[PDB]
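*Asks:* Take a look at protein-v8.txt, compact mmCIF, C-alpha atoms and all ligand atoms:
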# COMPACT_ATOMS: atom_id res chain seq x y z
CA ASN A 1 37.54 -1.42 25.09
CA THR A 2 36.04 -2.68 21.82
CA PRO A 3 34.69 -0.26 19.17
CA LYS A 4 30.95 -0.17 18.54
CA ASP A 5 31.34 -1.44 14.97
CA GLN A 6 33.30 -4.47 16.21
CA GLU A 7 30.65 -5.05 18.89
CA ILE A 8 27.86 -5.14 16.29
CA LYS A 9 29.95 -7.29 13.94
CA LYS A 10 30.55 -9.77 16.77
CA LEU A 11 26.84 -9.93 17.62
CA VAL A 12 25.96 -10.55 13.97
CA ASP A 13 28.70 -13.19 13.87
CA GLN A 14 27.28 -14.96 16.93
CA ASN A 15 23.62 -14.83 15.84
CA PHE A 16 23.30 -14.61 12.04
CA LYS A 17 26.49 -16.22 10.74
CA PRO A 18 25.66 -19.69 12.22
CA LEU A 19 22.56 -19.71 9.99
CA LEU A 20 24.68 -19.95 6.82
CA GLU A 21 26.08 -23.37 7.72
CA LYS A 22 22.92 -24.50 9.51
CA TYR A 23 20.75 -23.91 6.43
CA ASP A 24 23.40 -24.08 3.66
CA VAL A 25 22.86 -20.44 2.67
CA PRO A 26 25.30 -19.21 -0.02
CA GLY A 27 25.22 -15.49 0.77
CA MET A 28 23.89 -13.10 3.38
CA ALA A 29 23.83 -9.35 4.02
CA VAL A 30 23.10 -8.00 7.51
CA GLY A 31 22.85 -4.28 8.19
CA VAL A 32 22.27 -2.39 11.43
CA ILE A 33 21.51 1.32 11.71
CA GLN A 34 21.83 3.00 15.11
CA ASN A 35 21.68 6.76 15.73
CA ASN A 36 22.02 7.44 11.98
CA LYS A 37 25.17 5.27 11.82
CA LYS A 38 25.06 2.34 9.41
CA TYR A 39 26.92 -0.94 9.91
CA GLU A 40 27.09 -3.41 7.02
CA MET A 41 28.08 -7.08 7.24
CA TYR A 42 28.34 -9.25 4.12
CA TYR A 43 28.86 -13.02 4.04
CA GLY A 44 29.34 -15.61 1.35
CA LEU A 45 28.60 -15.52 -2.36
CA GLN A 46 25.90 -13.82 -4.38
CA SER A 47 26.65 -16.30 -7.20
CA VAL A 48 28.17 -19.67 -6.32
CA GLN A 49 29.14 -20.59 -9.88
CA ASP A 50 30.85 -17.23 -10.46
CA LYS A 51 32.50 -17.08 -7.00
CA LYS A 52 31.18 -13.52 -6.65
CA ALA A 53 31.11 -12.25 -3.07
CA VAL A 54 28.06 -10.61 -1.53
CA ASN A 55 28.78 -6.89 -1.25
CA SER A 56 27.04 -3.52 -1.02
CA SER A 57 26.02 -3.61 -4.70
CA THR A 58 24.47 -7.09 -4.41
CA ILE A 59 20.78 -6.98 -5.33
CA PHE A 60 18.46 -9.32 -3.41
CA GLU A 61 14.80 -10.14 -3.96
CA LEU A 62 12.81 -8.71 -1.05
CA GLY A 63 9.74 -10.92 -1.37
CA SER A 64 6.93 -9.73 0.88
CA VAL A 65 9.03 -6.82 2.12
CA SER A 66 7.91 -5.30 -1.19
CA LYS A 67 4.56 -4.75 0.56
CA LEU A 68 6.17 -1.94 2.58
CA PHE A 69 6.85 0.03 -0.62
CA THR A 70 3.30 -0.60 -1.83
CA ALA A 71 2.02 0.70 1.50
CA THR A 72 4.34 3.72 1.28
CA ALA A 73 3.14 4.38 -2.28
CA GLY A 74 -0.43 4.05 -1.01
CA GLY A 75 0.10 6.51 1.83
CA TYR A 76 1.69 8.88 -0.69
CA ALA A 77 -1.31 8.78 -3.04
CA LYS A 78 -3.66 9.14 -0.06
CA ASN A 79 -1.93 12.24 1.32
CA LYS A 80 -1.64 13.73 -2.19
CA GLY A 81 -5.40 13.44 -2.75
CA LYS A 82 -5.22 10.73 -5.41
CA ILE A 83 -7.09 8.13 -3.33
CA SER A 84 -9.18 7.83 -0.21
CA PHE A 85 -8.85 4.73 1.96
CA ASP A 86 -12.67 4.69 2.07
CA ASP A 87 -12.77 4.37 -1.73
CA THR A 88 -13.51 1.08 -3.48
CA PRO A 89 -11.51 -0.44 -6.37
CA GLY A 90 -14.31 0.08 -8.89
CA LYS A 91 -13.84 3.83 -8.45
CA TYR A 92 -10.45 3.60 -10.17
CA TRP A 93 -10.72 0.31 -12.09
CA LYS A 94 -14.07 1.03 -13.72
CA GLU A 95 -14.59 -2.58 -14.84
CA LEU A 96 -15.07 -3.57 -11.18
CA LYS A 97 -18.11 -1.32 -10.67
CA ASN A 98 -21.29 -3.18 -9.62
CA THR A 99 -19.18 -6.27 -8.84
CA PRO A 100 -18.94 -7.94 -5.41
CA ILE A 101 -15.30 -6.88 -4.92
CA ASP A 102 -16.44 -3.23 -5.17
CA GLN A 103 -17.84 -3.46 -1.61
CA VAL A 104 -14.36 -3.71 -0.03
CA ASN A 105 -12.52 -0.44 0.52
CA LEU A 106 -8.87 0.28 -0.25
CA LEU A 107 -7.74 0.09 3.38
CA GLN A 108 -9.45 -3.29 3.78
CA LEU A 109 -7.64 -4.49 0.65
CA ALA A 110 -4.26 -3.31 1.93
CA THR A 111 -4.88 -4.96 5.33
CA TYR A 112 -6.27 -8.24 3.92
CA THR A 113 -9.83 -8.03 5.30
CA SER A 114 -11.92 -8.59 2.16
CA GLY A 115 -13.07 -11.89 3.66
CA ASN A 116 -12.38 -14.15 0.66
CA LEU A 117 -8.87 -13.72 -0.79
CA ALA A 118 -6.25 -16.43 -0.46
CA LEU A 119 -2.49 -16.05 -0.05
CA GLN A 120 -1.77 -16.40 -3.78
CA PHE A 121 -3.36 -15.61 -7.11
CA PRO A 122 -4.43 -18.86 -8.83
CA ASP A 123 -1.61 -20.46 -10.80
CA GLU A 124 -3.29 -19.88 -14.17
CA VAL A 125 -4.03 -16.20 -13.47
CA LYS A 126 -1.14 -14.45 -15.22
CA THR A 127 -2.29 -12.03 -17.91
CA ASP A 128 -3.98 -8.68 -17.31
CA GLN A 129 -7.45 -9.82 -18.38
CA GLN A 130 -7.16 -12.91 -16.18
CA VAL A 131 -6.60 -10.72 -13.11
CA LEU A 132 -9.63 -8.60 -14.05
CA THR A 133 -11.74 -11.72 -14.63
CA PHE A 134 -10.58 -13.03 -11.25
CA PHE A 135 -11.73 -9.90 -9.42
CA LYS A 136 -14.93 -9.65 -11.48
CA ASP A 137 -15.76 -13.27 -10.59
CA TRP A 138 -14.89 -12.60 -6.94
CA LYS A 139 -17.64 -13.31 -4.42
CA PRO A 140 -17.69 -12.63 -0.67
CA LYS A 141 -17.39 -15.41 1.91
CA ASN A 142 -16.76 -13.87 5.35
CA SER A 143 -18.20 -10.53 6.42
CA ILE A 144 -16.12 -7.76 4.86
CA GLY A 145 -13.60 -6.20 7.24
CA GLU A 146 -13.89 -8.77 10.03
CA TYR A 147 -11.29 -11.45 9.19
CA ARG A 148 -7.63 -10.94 8.29
CA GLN A 149 -6.28 -13.44 5.77
CA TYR A 150 -2.80 -12.55 4.54
CA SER A 151 -3.21 -12.27 0.78
CA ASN A 152 -0.96 -11.29 -2.12
CA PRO A 153 -3.92 -10.60 -4.48
CA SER A 154 -5.47 -8.36 -1.81
CA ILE A 155 -2.59 -5.88 -1.59
CA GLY A 156 -1.98 -6.48 -5.30
CA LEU A 157 -5.36 -4.93 -6.11
CA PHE A 158 -4.52 -2.11 -3.69
CA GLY A 159 -1.22 -1.46 -5.44
CA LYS A 160 -3.02 -1.61 -8.78
CA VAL A 161 -5.61 0.94 -7.63
CA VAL A 162 -2.81 3.15 -6.27
CA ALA A 163 -1.06 3.09 -9.65
CA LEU A 164 -4.26 3.93 -11.55
CA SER A 165 -4.81 6.96 -9.30
CA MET A 166 -1.39 8.30 -10.37
CA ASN A 167 -1.85 7.56 -14.12
CA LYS A 168 1.34 5.48 -14.04
CA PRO A 169 2.16 1.77 -14.11
CA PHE A 170 2.92 0.48 -10.63
CA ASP A 171 6.57 -0.14 -11.50
CA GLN A 172 6.85 3.54 -12.41
CA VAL A 173 5.06 4.57 -9.20
CA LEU A 174 8.00 3.03 -7.34
CA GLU A 175 10.90 3.58 -9.74
CA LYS A 176 9.95 7.14 -10.78
CA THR A 177 8.28 8.53 -7.64
CA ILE A 178 8.70 6.56 -4.40
CA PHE A 179 12.25 5.24 -4.81
CA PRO A 180 13.68 8.62 -5.97
CA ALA A 181 11.84 10.43 -3.16
CA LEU A 182 13.48 8.12 -0.60
CA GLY A 183 16.98 8.32 -2.08
CA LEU A 184 17.08 4.68 -3.21
CA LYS A 185 19.32 4.40 -6.28
CA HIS A 186 19.58 0.59 -6.45
CA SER A 187 16.00 -0.52 -5.76
CA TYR A 188 14.08 -1.92 -8.72
CA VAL A 189 10.85 -3.51 -9.78
CA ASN A 190 12.55 -4.60 -13.01
CA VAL A 191 16.35 -4.78 -12.81
CA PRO A 192 18.00 -3.31 -15.93
CA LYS A 193 20.41 -5.42 -17.95
CA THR A 194 23.26 -3.11 -16.92
CA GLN A 195 22.70 -4.18 -13.29
CA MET A 196 22.19 -7.91 -13.86
CA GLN A 197 25.80 -8.61 -12.85
CA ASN A 198 24.86 -7.32 -9.38
CA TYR A 199 21.62 -9.34 -9.24
CA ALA A 200 22.35 -12.33 -7.02
CA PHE A 201 21.20 -15.81 -7.89
CA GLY A 202 18.65 -17.19 -5.51
CA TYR A 203 19.01 -20.77 -4.40
CA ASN A 204 16.23 -23.29 -3.84
CA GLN A 205 16.16 -25.98 -1.16
CA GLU A 206 18.42 -28.05 -3.44
CA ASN A 207 20.83 -25.07 -3.70
CA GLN A 208 20.00 -24.73 -7.41
CA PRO A 209 20.33 -21.16 -8.76
CA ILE A 210 16.90 -19.58 -9.31
CA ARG A 211 15.30 -16.15 -9.59
CA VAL A 212 11.75 -14.89 -9.07
CA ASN A 213 9.24 -15.59 -11.84
CA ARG A 214 7.48 -12.60 -13.38
CA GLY A 215 3.92 -13.55 -12.50
CA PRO A 216 0.89 -11.33 -13.04
CA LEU A 217 1.82 -7.67 -13.33
CA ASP A 218 -0.41 -7.03 -10.31
CA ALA A 219 1.75 -9.37 -8.21
CA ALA A 220 4.68 -6.94 -8.17
CA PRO A 221 3.05 -4.89 -5.34
CA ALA A 222 3.09 -8.13 -3.32
CA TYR A 223 6.63 -9.46 -3.84
CA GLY A 224 8.25 -7.88 -6.89
CA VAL A 225 10.81 -5.42 -5.48
CA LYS A 226 14.58 -6.00 -5.49
CA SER A 227 17.08 -3.92 -3.52
CA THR A 228 20.52 -3.80 -1.89
CA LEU A 229 21.50 -3.65 1.77
CA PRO A 230 22.52 0.06 1.66
CA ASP A 231 19.18 0.96 0.07
CA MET A 232 17.27 -1.06 2.67
CA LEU A 233 19.27 0.64 5.42
CA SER A 234 18.24 3.94 3.83
CA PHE A 235 14.63 2.72 3.82
CA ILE A 236 14.84 1.85 7.51
CA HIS A 237 16.39 5.29 8.02
CA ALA A 238 13.36 6.88 6.34
CA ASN A 239 10.95 5.09 8.67
CA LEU A 240 12.99 6.16 11.71
CA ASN A 241 13.27 9.77 10.48
CA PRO A 242 10.29 10.67 8.25
CA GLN A 243 11.13 14.38 8.67
CA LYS A 244 14.02 13.88 6.19
CA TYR A 245 11.40 14.17 3.44
CA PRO A 246 8.76 16.59 2.13
CA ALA A 247 5.33 16.57 3.71
CA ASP A 248 3.59 14.10 1.39
CA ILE A 249 6.38 11.51 1.60
CA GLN A 250 6.67 12.14 5.35
CA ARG A 251 2.92 11.63 5.81
CA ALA A 252 3.13 8.57 3.54
CA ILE A 253 5.69 6.97 5.84
CA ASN A 254 3.68 7.83 8.96
CA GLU A 255 0.61 6.32 7.28
CA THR A 256 2.45 2.99 7.22
CA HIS A 257 3.16 3.34 10.96
CA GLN A 258 -0.51 3.65 11.98
CA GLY A 259 -1.91 0.35 13.21
CA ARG A 260 -5.42 -0.26 11.93
CA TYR A 261 -6.56 -3.27 13.98
CA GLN A 262 -5.27 -6.03 16.26
CA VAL A 263 -4.95 -9.79 15.95
CA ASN A 264 -3.89 -10.73 19.51
CA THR A 265 -0.57 -8.93 20.17
CA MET A 266 -0.08 -7.92 16.50
CA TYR A 267 -1.12 -4.52 15.19
CA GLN A 268 -1.76 -4.47 11.44
CA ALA A 269 -0.40 -1.19 10.10
CA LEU A 270 -0.10 -0.33 6.39
CA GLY A 271 2.35 -2.95 5.18
CA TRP A 272 4.28 -3.00 8.44
CA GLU A 273 3.39 -5.23 11.37
CA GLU A 274 3.32 -3.22 14.59
CA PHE A 275 3.92 -4.29 18.18
CA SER A 276 4.14 -2.72 21.61
CA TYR A 277 7.74 -2.20 22.69
CA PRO A 278 9.42 -3.90 24.41
CA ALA A 279 8.00 -6.97 22.67
CA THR A 280 8.50 -10.50 23.88
CA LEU A 281 10.18 -12.86 21.44
CA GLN A 282 7.02 -14.99 21.34
CA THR A 283 4.97 -11.94 20.33
CA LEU A 284 7.21 -11.48 17.28
CA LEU A 285 7.25 -15.22 16.54
CA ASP A 286 3.44 -15.41 16.79
CA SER A 287 3.16 -12.86 13.98
CA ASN A 288 4.70 -15.43 11.60
CA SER A 289 2.88 -18.48 12.95
CA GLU A 290 0.85 -20.67 10.60
CA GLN A 291 -2.28 -19.53 12.45
CA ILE A 292 -1.61 -15.84 11.69
CA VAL A 293 -0.08 -16.24 8.23
CA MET A 294 -2.15 -19.02 6.65
CA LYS A 295 -5.54 -18.90 8.34
CA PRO A 296 -8.31 -16.30 8.61
CA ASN A 297 -8.44 -14.58 11.99
CA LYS A 298 -11.12 -12.28 13.37
CA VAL A 299 -9.80 -8.76 13.75
CA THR A 300 -10.25 -6.65 16.86
CA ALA A 301 -10.28 -2.89 17.20
CA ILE A 302 -7.16 -1.39 18.73
CA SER A 303 -7.57 -1.19 22.51
CA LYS A 304 -4.11 -0.04 23.63
CA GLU A 305 -2.74 2.46 21.15
CA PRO A 306 0.99 1.78 21.67
CA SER A 307 2.92 4.92 22.56
CA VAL A 308 6.27 3.11 22.33
CA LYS A 309 6.18 0.89 19.26
CA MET A 310 8.25 -1.40 17.08
CA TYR A 311 7.68 -2.73 13.57
CA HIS A 312 8.91 -5.63 11.46
CA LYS A 313 8.22 -7.58 8.28
CA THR A 314 9.42 -10.91 6.90
CA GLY A 315 9.76 -11.57 3.19
CA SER A 316 10.59 -14.51 0.96
CA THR A 317 10.69 -15.59 -2.64
CA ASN A 318 11.58 -19.13 -3.72
CA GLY A 319 15.29 -18.38 -3.50
CA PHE A 320 15.57 -15.41 -1.14
CA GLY A 321 14.89 -14.43 2.45
CA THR A 322 14.42 -11.00 3.98
CA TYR A 323 13.69 -9.52 7.40
CA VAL A 324 13.43 -5.85 8.40
CA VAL A 325 12.73 -4.44 11.86
CA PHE A 326 13.03 -1.07 13.55
CA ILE A 327 12.33 0.52 16.94
CA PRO A 328 11.75 4.30 16.67
CA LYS A 329 12.37 5.12 20.35
CA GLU A 330 15.78 3.41 20.24
CA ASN A 331 16.58 4.93 16.80
CA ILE A 332 17.69 1.50 15.63
CA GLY A 333 16.82 -0.97 12.89
CA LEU A 334 18.07 -4.14 11.25
CA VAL A 335 17.93 -5.67 7.77
CA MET A 336 18.71 -9.28 6.83
CA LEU A 337 19.00 -10.44 3.21
CA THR A 338 19.81 -13.98 2.06
CA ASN A 339 19.88 -15.68 -1.33
CA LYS A 340 18.31 -18.79 0.22
CA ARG A 341 15.20 -19.08 2.38
CA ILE A 342 15.63 -19.76 6.09
CA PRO A 343 12.78 -20.30 8.59
CA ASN A 344 11.12 -17.02 9.56
CA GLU A 345 11.56 -17.86 13.25
CA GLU A 346 15.34 -18.00 12.80
CA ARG A 347 15.39 -14.50 11.28
CA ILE A 348 13.24 -13.10 14.09
CA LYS A 349 15.25 -14.87 16.80
CA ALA A 350 18.63 -13.77 15.43
CA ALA A 351 17.57 -10.13 15.03
CA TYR A 352 15.97 -10.16 18.50
CA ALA A 353 19.27 -11.23 20.07
CA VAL A 354 21.36 -8.71 18.11
CA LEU A 355 19.19 -5.65 18.76
CA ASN A 356 18.68 -6.31 22.47
CA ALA A 357 22.40 -6.87 23.11
CA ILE A 358 23.53 -3.74 21.25
CA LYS A 359 24.50 -1.18 23.88
CA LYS A 360 22.17 1.82 23.55
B1 LIG B 1 5.75 -12.93 1.69
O1 LIG B 1 7.06 -13.23 1.77
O2 LIG B 1 5.18 -13.09 2.89
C1 LIG B 1 5.03 -13.84 0.63
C2 LIG B 1 4.41 -15.05 1.32
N1 LIG B 1 5.39 -16.13 1.42
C3 LIG B 1 6.15 -16.44 2.55
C4 LIG B 1 6.95 -17.52 2.22
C5 LIG B 1 7.95 -18.21 3.15
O3 LIG B 1 7.87 -18.03 4.39
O4 LIG B 1 8.84 -18.96 2.67
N2 LIG B 1 6.69 -17.88 0.92
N3 LIG B 1 5.71 -17.01 0.42
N4 LIG B 1 5.99 -14.27 -0.39
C6 LIG B 1 5.51 -14.70 -1.69
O5 LIG B 1 4.35 -14.71 -1.92
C7 LIG B 1 6.51 -15.15 -2.76
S1 LIG B 1 5.59 -15.58 -4.27
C8 LIG B 1 6.71 -16.24 -5.54
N5 LIG B 1 6.29 -16.67 -6.77
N6 LIG B 1 7.36 -17.13 -7.58
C9 LIG B 1 8.55 -17.08 -7.03
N7 LIG B 1 9.76 -17.52 -7.70
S2 LIG B 1 8.49 -16.43 -5.39
Give the structure from this file in structure tokens form.
*Replies:*
Amino acid sequence: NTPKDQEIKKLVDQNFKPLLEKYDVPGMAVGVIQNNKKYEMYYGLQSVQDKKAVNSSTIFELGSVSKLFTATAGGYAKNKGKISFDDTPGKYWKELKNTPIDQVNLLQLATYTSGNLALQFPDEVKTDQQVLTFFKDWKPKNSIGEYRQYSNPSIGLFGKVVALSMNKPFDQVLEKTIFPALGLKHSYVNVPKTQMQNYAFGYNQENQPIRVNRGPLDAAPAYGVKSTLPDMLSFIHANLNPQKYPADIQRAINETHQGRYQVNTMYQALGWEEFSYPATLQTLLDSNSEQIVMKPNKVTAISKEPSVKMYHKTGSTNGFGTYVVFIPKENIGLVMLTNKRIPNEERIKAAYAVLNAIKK
């Protein structure tokens, strides 16, 4: 026989470890949770110049996986009566009243269906007034609610409206409310100086050490969260077992599991991307295709409400890669964290092979 932990370690060795040499990745953390049992696998260095090994205290930048905490915070404020998904941003940011952006509702902002919001804020938009001027000068292009265009400013305005409804800055909404409620003790929007020695360097395509740039404050809901592998395994555990939490946090997590519309085989939930399970590999790869990620796509109402579902989300900054995935019916999830970007298809393919080969 071979113990289950050695079986998972071998599968991660055969599928994820080759990616380090293939893409010259300094460090990697891979974690699997199955039936409430966590398995952690660390590779390489969190800092090349310091020869510091990746370990359970290593803090990675989550990139777009931050959007799952913004969605959770949004579901929390919705179930606590602070917002309604039918509300518009001008209701909470009063300066946006009687402006074109005030016709899009909060759910449409969180699911990227405003009809005229690109992937990124403009480069010059950085200060608080510049973000307000951007949304004030916003004008519609496509019919509101009909086309999904993956957008950081879109969910950034949603996260900003969520924070205003709780009378707290967004970084406090996560670090004072959502992170403590989920048991995450090493997840940050702003890493304190006492934890900087655990903050890994990220590495660009020239393997130069880099870290994320503090852009507009309203970009943190889009890609500004940093966490460790044990905290992300706890976060996957929360999505698998929402009953571990009081009602409003439990309903917040379930809110992020409810698909809102379809784009081909992809269900757009709150933050999470949802799929019928079992999913083909090409279904999961399609979700990160240039056509889905970079272009506007007409949305369709959900036809098949999936009874058996699975969810995932890719995330990247300039020097980090992330991938999270879980399947509720199999009580299993996976997290991948790297301090260098690797193609999204390689993260999806490697996790697909690991999860399907793990004996249930
Ligand atoms: B998110 O990860 O999806 C989002 C979009 N994205 C994906 C990728 C990729 O596949 O490599 N790159 N961006 N991530 C971001 O928007 C990161 S924005 C940053 N601004 N400054 C930095 N140093 S990272």
*Asks:* Any chance you could tabulate, as a Markdown table, the residues of chain A at most 10 Å from ligand LIG 1 (chain B) with each one's nearest atom pair and distance in Å to one decimal, using all atoms listed in the file, in chain and rising number order?
*Replies:*
| residue | atom | partner | partner_atom | distance |
| --- | --- | --- | --- | --- |
| A:61 | CA | B:LIG1 | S2 | 9.0 |
| A:62 | CA | B:LIG1 | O1 | 7.8 |
| A:63 | CA | B:LIG1 | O1 | 4.7 |
| A:64 | CA | B:LIG1 | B1 | 3.5 |
| A:65 | CA | B:LIG1 | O1 | 6.7 |
| A:66 | CA | B:LIG1 | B1 | 8.4 |
| A:67 | CA | B:LIG1 | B1 | 8.3 |
| A:119 | CA | B:LIG1 | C2 | 7.1 |
| A:120 | CA | B:LIG1 | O5 | 6.6 |
| A:121 | CA | B:LIG1 | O5 | 9.3 |
| A:123 | CA | B:LIG1 | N5 | 9.6 |
| A:150 | CA | B:LIG1 | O2 | 8.2 |
| A:151 | CA | B:LIG1 | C2 | 8.1 |
| A:152 | CA | B:LIG1 | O5 | 6.3 |
| A:153 | CA | B:LIG1 | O5 | 9.6 |
| A:202 | CA | B:LIG1 | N7 | 9.2 |
| A:204 | CA | B:LIG1 | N7 | 9.5 |
| A:210 | CA | B:LIG1 | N7 | 7.6 |
| A:211 | CA | B:LIG1 | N7 | 6.0 |
| A:212 | CA | B:LIG1 | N7 | 3.6 |
| A:213 | CA | B:LIG1 | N7 | 4.6 |
| A:214 | CA | B:LIG1 | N6 | 7.4 |
| A:215 | CA | B:LIG1 | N5 | 6.9 |
| A:216 | CA | B:LIG1 | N5 | 9.8 |
| A:219 | CA | B:LIG1 | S1 | 8.3 |
| A:220 | CA | B:LIG1 | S1 | 9.5 |
| A:222 | CA | B:LIG1 | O5 | 6.8 |
| A:223 | CA | B:LIG1 | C6 | 5.8 |
| A:224 | CA | B:LIG1 | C7 | 8.5 |
| A:288 | CA | B:LIG1 | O3 | 8.3 |
| A:289 | CA | B:LIG1 | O3 | 9.9 |
| A:290 | CA | B:LIG1 | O3 | 9.7 |
| A:293 | CA | B:LIG1 | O2 | 8.1 |
| A:294 | CA | B:LIG1 | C2 | 9.3 |
| A:313 | CA | B:LIG1 | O2 | 8.3 |
| A:314 | CA | B:LIG1 | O1 | 6.1 |
| A:315 | CA | B:LIG1 | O1 | 3.5 |
| A:316 | CA | B:LIG1 | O1 | 3.8 |
| A:317 | CA | B:LIG1 | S2 | 3.6 |
| A:318 | CA | B:LIG1 | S2 | 4.4 |
| A:319 | CA | B:LIG1 | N7 | 7.0 |
| A:320 | CA | B:LIG1 | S2 | 8.3 |
| A:321 | CA | B:LIG1 | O4 | 7.6 |
| A:322 | CA | B:LIG1 | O1 | 8.0 |
| A:323 | CA | B:LIG1 | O1 | 9.5 |
| A:340 | CA | B:LIG1 | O4 | 9.8 |
| A:341 | CA | B:LIG1 | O4 | 6.4 |
| A:342 | CA | B:LIG1 | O4 | 7.6 |
| A:343 | CA | B:LIG1 | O3 | 6.8 |
| A:344 | CA | B:LIG1 | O3 | 6.2 |
| A:345 | CA | B:LIG1 | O3 | 9.6 |
*Asks:* What's the 10 Å shell around residue A:349, counting all atoms listed in the file, without same-chain residues fewer than 5 positions away, as a VMD selection string?
*Replies:* chain A and resid 15 to 16 281 to 282 284 to 285 344 354
*Asks:* For a quick check of understanding, using all atoms listed in the file, which of A:102, A:5, A:346, A:24 has the smallest distance to residue A:44?
*Replies:*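 Closest to residue A:44, using all atoms listed in the file: A:24.
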*Asks:* Report, in Å to a single decimal, how far apart atom CA of residue A:54 and atom CA of residue A:28 are.
*Replies:* 6.9 Å
*Asks:* Need to verify the contact set: residue A:169, 12 Å, only C-alpha atoms, exclusion of same-chain residues closer than 6 positions in sequence. Can you return it as a PyMOL selection string?
*Replies:* chain A and resi 159-163+175-177+189+217-218+220-221
*Asks:* Write a file of the selected residues as a compact mmCIF listing (two decimals), in the coordinates of the input, keeping C-alpha atoms.
*Replies:*
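Written file, result.txt:
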# COMPACT_ATOMS: atom_id res chain seq x y z
CA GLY A 159 -1.22 -1.46 -5.44
CA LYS A 160 -3.02 -1.61 -8.78
CA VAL A 161 -5.61 0.94 -7.63
CA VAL A 162 -2.81 3.15 -6.27
CA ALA A 163 -1.06 3.09 -9.65
CA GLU A 175 10.90 3.58 -9.74
CA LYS A 176 9.95 7.14 -10.78
CA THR A 177 8.28 8.53 -7.64
CA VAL A 189 10.85 -3.51 -9.78
CA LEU A 217 1.82 -7.67 -13.33
CA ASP A 218 -0.41 -7.03 -10.31
CA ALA A 220 4.68 -6.94 -8.17
CA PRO A 221 3.05 -4.89 -5.34
*Asks:* What is the distance between atom CA of residue A:137 and atom CA of residue A:100, in Å to one decimal?
*Replies:*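 Pair atom CA of residue A:137 / atom CA of residue A:100 returns 8.1 Å.
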*Asks:* In Å, with one decimal, what is the gap from atom CA of residue A:131 to atom CA of residue A:186?
*Replies:* 29.3 Å
*Asks:* Ranking A:89, A:278, A:296, A:81 by minimum distance to residue A:149 and counting only C-alpha atoms, which one comes first?
*Replies:*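 Residue with the minimum atom-to-atom distance to residue A:149: A:296.
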